[PDB]
There are 2 protein chains.
Amino acid sequence: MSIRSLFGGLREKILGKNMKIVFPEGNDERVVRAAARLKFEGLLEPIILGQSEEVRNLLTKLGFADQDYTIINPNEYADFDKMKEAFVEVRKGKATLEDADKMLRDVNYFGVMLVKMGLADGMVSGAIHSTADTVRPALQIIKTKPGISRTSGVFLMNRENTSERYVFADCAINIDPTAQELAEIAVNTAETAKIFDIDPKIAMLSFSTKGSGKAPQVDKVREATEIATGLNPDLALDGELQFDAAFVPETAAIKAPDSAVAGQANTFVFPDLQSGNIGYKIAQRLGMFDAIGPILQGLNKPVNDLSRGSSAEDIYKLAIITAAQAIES
Amino acid sequence: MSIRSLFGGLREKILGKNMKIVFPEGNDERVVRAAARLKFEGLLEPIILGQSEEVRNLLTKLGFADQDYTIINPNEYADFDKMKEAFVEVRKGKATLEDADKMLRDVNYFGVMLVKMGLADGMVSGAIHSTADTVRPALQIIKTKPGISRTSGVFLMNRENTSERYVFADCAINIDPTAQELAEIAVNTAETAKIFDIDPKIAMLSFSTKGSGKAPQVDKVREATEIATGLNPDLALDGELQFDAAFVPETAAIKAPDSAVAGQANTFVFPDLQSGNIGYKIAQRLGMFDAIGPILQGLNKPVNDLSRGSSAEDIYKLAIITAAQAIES
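Residues numbered from 1 in each chain as written, not as in the entry; some residues may be left out. Chains lettered and ligands numbered in written order. Heavy atoms only, no water.

For chain A, the name recorded in the PDB entry is putative phosphotransacetylase, with Streptococcus pyogenes as its organism. The record deposited in the PDB is entitled "Crystal Structure of a Phosphotransacetylase from Streptococcus pyogenes". Turning to chain A, the UniProt record has this under Catalytic activity (unreviewed entry): "acetyl-CoA + phosphate = acetyl phosphate + CoA". According to UniProt, the comment filed for chain A under the heading Pathway (unreviewed entry) is "Metabolic intermediate biosynthesis; acetyl-CoA biosynthesis; acetyl-CoA from acetate: step 2/2." (UniProt positions renumbered as here; feature names shortened; annotations may be inferred.)

Written out as structure tokens, the structure is:
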């Protein structure tokens, strides 16, 4: 079960389903060469943003056919009206046709808008903008799914030479989750994990294992664990587990017997951003796991953010994941 | 630079210096066989606690010589007087000769006491007791060093096949450090790191690198970093670094240029117990580093706690570390 097998699986899931993804960054040649690649492999239709002629130039500058791309210019939009309205039609108080005309100019807002207006199934951005410039419009226009209150960023942790595939607990968005949010993040992750062929066995991480440590942050995790089991009884979830108790059978046997998850987890939810962000990077660098970029979860429509300094292949992969997400919709 | 090499170094540092370590657990045969080993190798003099005849029995039941061990019985102490007093003489209000006669009965208290009263250079316990039962007396009787307010537990993270040796930031004691405590912990760590032949390059970990993230917890790390640089200007300390920025040169170059530490740290200070305890365990299990058990730092006299289910070799190593510590005193 390699990274190539994993993507051969996601690729079969979206091939032909003609999903449409918006690529705000029609500037960056990485995005273009990835869009181009996805388009002619039959995986999705790219909706590139930028001055029609401009982007069309980069397409040839990079040696690509010049026609058939669905390029759209935010400034010059053949319907910047229906859209400029649909915007205030969502921000009421802040809703302001005079504002909308200036904001929906920004390639990201425009993109999110195009998705909100059912004009595109999803979006991939962030190769040239801050995470905020993608996560913000996405939260205002499209929003959290009905059952969730906050988004989270999961990392597909793969280490093929060892036959190991895991998922990690918001290592990007929530600074310090609420037992409530933490439970939503957990329930949310298990659904994402499924997209990557994982059969969840969630462990709520802490520095305590079933009461071995005592503190408010410990309570927050146990609490969340409980709330999670409530939200969805069918998940294999176990709460207040230290990493070792979640990962190795010898310790679980001791620290957490009778556990449906301990000793064999594959889905790890972290207490807070500090632990999660530091944690996955340790697993990546010291553990040598490949970390498939932040994948946002819990939106009505999928919108993902690339990283500072990604590759065209990186974009290609993210978009595939994005489309595969728009299918669960 | 192997674990054996590392211990052949610590062993040279304490051979002949006749340090005396107290072993409260005269019950456990692991401790006994370890004490026994340490004794006849010329590394330190064990001071075993328990019924003189009892422990002496286990010494033969395990095939060892029966004489010359400095065994002491807490109940029947040939000076339970000078001591019972030296106790209230430190707890004033709560200081109570009627209490002291009952408390200093407990093998750990007794041991801490023996160390307090200059009767022993250090102590190693915890093969049969909770961490609490060792860290508590140690805190009441012996206390934090003059420059520190709280103790912390560092982990020597060794991975010889890769030529990598690191130290980790309180992954055992402080639930959620104060920018002040956090700074102390860091300054404290750097001193310990030297005992293990490391030349500190400290990184204060966060989910943010030099302002890339914004939150109260981010401020706590940056603040600490500052207070740290104050406490000791000669340390190679750098603040508010994500793990990747602290460990890999490629990312430091980007996220934190002009950094004396980024890209080459070897000493890692974690924000809070959650990130530290989960983190070192990840590095241990997924990263395959050997993690030399919790080593307590910041005491006038060294007092370490073994782990739940340690081996005689483990005890042997801790004690050596302990002794190497009492030398810096």
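Overlaying chain A on chain B yields an RMSD of 0.1 Å, the required transformation being a rotation through 179° with an accompanying axial translation of 0.1 Å. These values place the two chain copies in the arrangement generated by a two-fold rotation axis. When the interface residues of chain A are mapped onto chain B, 100% of them again lie at the interface, so the same face is used by both copies. (Least-squares fit on C-alpha atoms. Contact = heavy atoms within 4.5 Å.)

Quoted interface sizes are often the accessible area lost when the parts come together. Taken together, the contact pairs 33 residues of chain A with 33 residues of chain B. Carbon and sulfur atoms supply 70% of the area that chain A and chain B bury against each other, a total of about 3,000 Å² over both sides. Together, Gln274, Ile278 and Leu286 of chain A form the three largest contributors to the area buried by chain A at its contact with chain B, with a combined 24%. Scanning the region where chain A abuts chain B turns up two salt bridges. Counting the contacts that link chain A with chain B gives six residue pairs in polar contact. (Buried area = accessible area lost by both parts, 1.4 Å probe. Salt bridge = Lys/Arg side-chain N within 4 Å of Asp/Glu carboxyl O. Polar contact = N/O pair within 3.5 Å; in protein donor to acceptor, adjacent residues only side chain to side chain.)

What follows covers the packing of aromatic side chains. All names here are of chain A. For the coordinates displayed, the defined rule picks out 22 aromatic pairs over all chains. Arranged with centres 5.2 Å apart and planes meeting at 55°, the rings of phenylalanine 168 and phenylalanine 270 form a pair that is tilted. Placement of the pair is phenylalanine 168 in strand 5 (residues 164-168) and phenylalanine 270 in the loop between strand 8 (267-269) and helix 12 (273-285), with a sequence separation of 102 residues. Taking relative accessible area as the criterion, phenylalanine 168 reaches 1% and is therefore assigned buried. (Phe/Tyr/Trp six-rings, centres within 6.5 Å; stacked < 30°, edge-to-face > 60°. Helix = DSSP H or I, 4+ residues; strand = E, 2+ residues; numbered from the N terminus. Buried < 20%, exposed > 50% of the residue type's maximum accessible area, 1.4 Å probe, protein only.)

What follows concerns the environment of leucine 62 of chain A. Residues and elements named next belong to chain A. By secondary structure assignment, the location of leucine 62 is in the loop between helix 3 (52-61) and helix 4 (80-91). Counting along the chain gives 29 residues from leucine 62 to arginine 33, while the straight-line C-alpha distance between them is 7.4 Å. Each residue touching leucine 62, except ones within four places of it in the same chain, is listed here: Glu29, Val32 and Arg33.

To continue, consider the sheet that holds strand 3 (residues 122-125) of chain B. Residues and elements named next belong to chain B. Pairing is parallel across the open sheet formed by four strands, whose spatial order is 2-1-3-10. The open sheet has two free edges, formed respectively by strand 2 (45-48) and strand 10 (303-305), since each of these has just one partner strand. Within this sheet the neighbouring strands show an average axis-to-axis angle of 25°, counted without direction. Examined bridge by bridge, strand 1 (residues 20-23) and strand 2 share four bridges and lie parallel to one another. The residue of strand 2 that forms the bridge with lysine 20 is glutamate 45. Helix 7 (residues 132-140) rests against strand 3 and strand 10 of the sheet, and its axis sits at about 165° to strand 10. (Pairing = 2+ DSSP bridges. Axes fitted to C-alpha atoms, helices over the stretch in contact; angles between N-to-C directions.)

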